Amino acid sequence: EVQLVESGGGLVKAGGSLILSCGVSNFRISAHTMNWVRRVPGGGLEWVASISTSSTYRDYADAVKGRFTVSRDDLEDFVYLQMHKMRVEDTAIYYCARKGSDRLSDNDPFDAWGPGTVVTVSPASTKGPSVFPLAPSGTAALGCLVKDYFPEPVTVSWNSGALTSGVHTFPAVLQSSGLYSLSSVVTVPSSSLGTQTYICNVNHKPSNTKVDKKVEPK
Amino acid sequence: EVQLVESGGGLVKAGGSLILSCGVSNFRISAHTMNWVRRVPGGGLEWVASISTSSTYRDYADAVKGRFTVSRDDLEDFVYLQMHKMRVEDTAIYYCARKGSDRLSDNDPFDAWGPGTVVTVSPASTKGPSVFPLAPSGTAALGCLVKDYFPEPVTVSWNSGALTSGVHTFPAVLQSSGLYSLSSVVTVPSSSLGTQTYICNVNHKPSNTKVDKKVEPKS
Amino acid sequence: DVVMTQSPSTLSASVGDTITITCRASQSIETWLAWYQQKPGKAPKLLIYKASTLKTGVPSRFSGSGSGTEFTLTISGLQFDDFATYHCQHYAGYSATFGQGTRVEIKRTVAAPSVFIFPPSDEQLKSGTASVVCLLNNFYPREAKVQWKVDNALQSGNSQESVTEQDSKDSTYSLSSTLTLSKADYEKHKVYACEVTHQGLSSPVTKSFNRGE
Amino acid sequence: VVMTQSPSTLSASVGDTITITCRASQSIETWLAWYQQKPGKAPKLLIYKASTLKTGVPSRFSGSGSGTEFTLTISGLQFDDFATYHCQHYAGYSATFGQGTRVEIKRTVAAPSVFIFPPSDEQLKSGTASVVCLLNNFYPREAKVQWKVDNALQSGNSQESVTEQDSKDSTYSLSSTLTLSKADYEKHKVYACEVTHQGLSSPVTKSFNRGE
């Protein structure tokens, strides 16, 4: 009837951070060494970390040394695993597992396991934006919609920096898809829509992306 | 300079769980009450939780009591906030803040703050699947592609359960978008593709969605 | 139990002014009150604690007073760097309660928004998504309401808004509202409209287009 | 310390007595444990300190060995015993596992029946193209599926899913789905999946031309 339950699993992008927790049922963790283990795709198990009683020792596998941190909370019976600078090979099912008391044995197996939580690290840490026109139709307004990019920021200029009066570039918004979106607009003389060409120059440094988009009447 | 830094923010769906942590630079947390505060849309600040020294008491705002947990790790100087059964109104910038500690004052303000981490709770806790046909083109194969649903599971039957021989419904796969997808296939006599109609019945209980899709040869 | 209310919610002023913001508590809190400054995207900074004690390093033009249930922050000689949000906070042994915040902005004349609507581009539509954009340009003050109507049906849950900071030249704001639909949902309707209300407008302003322009 | 399990996959029948071997690259005395794991479930400890049976574990499981050589023995395989088994060397500060041994139900070799499905026009119109390749009723489970688009090998844009052993005929089935945007889909003509399996004398290719 001894139970463990992990929480905090989800999708992360390469280089990101994620924190897992583990709660327990029908025992107190204080007398037990607590551990994190992962099953990778392919079926093999991999020991990740251990923390002894009273946190006298914290031990990590080499592949996570310096990136992961384990903590314990004996008063409310919780274990934590911080994962930073995550890599694709961190993708796995993560379980928390209890060992016997390290005050009573120098070598114990993992005798109770939680059901696991899935952690997926996507290989793409960056994604370039799609640029669409906001076409005009005394004073007219036009612009560029910069959609579906990661991470921040994106810089927008107009006519290679020659046009700056009346330009508004809005703060990015985070969409439910996990990607960012913004708009940049400019107001211009309505008579100039035939003579002047208007080009928005979008730069996304994290993905080394540069897009020039011509905004004309349709 | 005394510094705090939050980690663990990101995107979660309503009802899900997310855990934040806070590390520090140039001081030890053990002598300080530590706090979590959030800035909501509209610009106001909102106290979330506090944990006293030696964890003698853990205090929570009413809107989060029973859903959030705060923990401290004085030996390596970390603070944690577990958030469960999260709601849209949990969307905010979350900061960890130190309460002052003086041998000269028993009650101090929040004198050091982290830069904050963004937490976004999307409104949709469930999403129904889109169902597309896999057209059959001695023994032929046909099926249904059940794409873009959340969460698990989806049930698939064929011809309201009358057809079960040779049916394989595959384990769901998690796509890079965060949504699940699967396929269900069946092999049938090739001569029956003209006479018999084949219908896949897809049930997604979490969103109360039911779809019946007819699978015919294409031309 | 303690509720804190700041007055006013928004304060318009000019450089050089002396301004006051008050914080009122629903019950006596002695002098356990602090004031914080916060600029967009940054962490709060403590200015004043125990109602009147100035934190070391904070300029002398900031001062605080009051007790019991009534407290006052005073800025004597407003400078540009001082335009920001200010928060009052009652702090106790285990918990803390804040005010709703007071945004201090640069004073100018009221300006109604200029409204524009943008249909989705054919490229994005072909890719399978339709973003319809509504722009409210150069308005003051910042509070405005935007609603979407599709074939005269009021929309909810499918739009997102973004707002700029005060313009460096004319001190106005601008706001964008983006309505996102699938290509099929987009193409099963004709009239797309954005409706705007602002204190500078006597009646709501609607801008619309018909799909297929 | 490196742990090596033999074999990687063990095909057996109900009632058999089977052995799985675990070798340590250096002596680990008797600090060795065995675990059972079924798909989608948590591992269960069976045996620790090489030979001590955990309370509640059926007596048909036994373990032996020392130094660098260890053996798990199941005497009287039952259906419930078909699963993956892991050996683990455990110390105070570090631990390491073998690669795992999957125990499956033995049957004759069966080559897959291969089918390819182009995306439906509805999904294509919505802006995405899912191309599906099906491998039906094969044994053993090891198979390789590759995607070729205009004879160019694809990578990173497909996902696979595999069933458990069928209760009736003990075979497997596998699906591979290649996902592209509508724009990427429509700039190519020939879409093919190539399948390699022990039951096939040569790789099998199923293909179609986009739009026909």
Side-chain angles (χ1 to χ4, degrees), chain B residues 127-149 151-154 156 158 163-190 193 198 200 202 211-219, chain D residues 38-41 110-138 141 145 156-181 191 193 206-212:
Chain B
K127 186 186 190 298
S130 306
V131 179
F132 303 109
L134 304 168
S137 87
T139 284
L142 56 93
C144 277
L145 172 62
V146 185
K147 191 162 176 293
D148 295 344
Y149 63 92
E152 295 195 80
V154 154
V156 185
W158 285 87
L163 174 58
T164 62
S165 255
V167 173
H168 298 300
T169 299
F170 290 91
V173 65
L174 179 61
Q175 309 168 110
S176 53
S177 62
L179 305 172
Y180 293 95
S181 185
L182 63 67
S183 281
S184 184
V185 303
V186 64
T187 48
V188 294
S190 300
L193 297 187
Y198 293 109
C200 77
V202 179
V211 177
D212 297 314
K213 189 68 163 200
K214 183 170 163 176
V215 195
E216 67 193 4
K218 182 184 178 184
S219 189
Chain D
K38 295 180 176 186
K41 304 297 178 179
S113 309
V114 188
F115 306 83
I116 189 168
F117 300 97
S120 69
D121 285 319
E122 186 192 347
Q123 175 189 40
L124 196 55
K125 207 171 190 288
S126 83
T128 303
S130 307
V131 190
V132 174
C133 186
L134 171 66
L135 289 60
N136 209 38
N137 300 338
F138 59 94
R141 200 181 67 163
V145 185
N157 46 6
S158 61
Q159 292 186 297
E160 274 173 44
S161 182
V162 194
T163 63
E164 287 284 78
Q165 270 191 303
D166 185 83
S167 76
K168 187 175 71 84
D169 58 26
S170 301
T171 60
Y172 306 91
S173 295
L174 181 148
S175 74
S176 179
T177 304
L178 175 82
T179 302
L180 299 173
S181 69
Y191 287 83
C193 63
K206 292 304 171 165
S207 71
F208 67 89
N209 297 311
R210 176 183 56 77
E212 297 85 39

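Quick note on labels: first sequence line is chain A, next is B, and so on, each numbered from 1. Heavy-atom basis, side chains included; hydrogens, waters and symmetry copies ignored.
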Review point. From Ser126(D) OG over to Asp148(B) CG, what is the distance, rounded to the nearest 0.5 angstrom?
Key: 8.5 Å
Study note, to complete from the structure: So, the part of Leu174(D) with a heavy atom under 4.5 Å from chain B: the answer is backbone
**Study point:** Test item: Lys218(B) and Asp121(D) side chains (from C-beta on) under 4.5 Å apart, heavy atoms
**Key:** yes
**Study point:** Test item: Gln159(D) side-chain N/O and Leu174(B) main-chain N/O as donor-acceptor pair under 3.5 Å
**Key:** yes
Revision key, fill the gap. Comparing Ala141(B), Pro136(B), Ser130(B) against chain D, the one with the most heavy-atom pairs below 4.5 Å turns out to be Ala141(B)
Practice item. Decide if atom NZ of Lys127(B) counts as having more than 12 heavy atoms of other residues, nucleotides or ligands within a radius under 6.0 Å. Key: yes
Practice item. Against chain D, label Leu142(B) side chain, backbone, both or neither, depending on which of its atoms sit under 4.5 Å from a heavy atom there. Key: backbone
Review point. Picking from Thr163(D), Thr128(D), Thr177(D), which has the most non-hydrogen pairs under 4.5 angstrom with chain B?
Key: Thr163(D)
Check your understanding: Looking at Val132(D), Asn136(D), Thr179(D), which one has more heavy-atom pairs under 4.5 Å with chain B than the rest?
Key -> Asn136(D)
Exercise for review: Let me know if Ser219(B) has heavy atoms under 4.5 Å from chain D in its side chain, its backbone, both or neither.
Suggested key: neither
Point to revise | Inter-residue atom distance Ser120(D).OG - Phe132(B).CZ, 0.5 Å rounding | key: 5.5 Å
Check your understanding: Is the NZ atom of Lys41(D) crowded by more than 12 outside heavy atoms at less than 6.0 Å?
Key -> no
Point to revise | Value rounded to 0.5 Å, distance of CG in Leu134(B) from CZ in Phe115(D) | key: 12.0 Å
Point to revise | Contact listing (chain B partner; residues 165-172 of chain D; heavy atom under 4.5 Å) | key: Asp166(D)
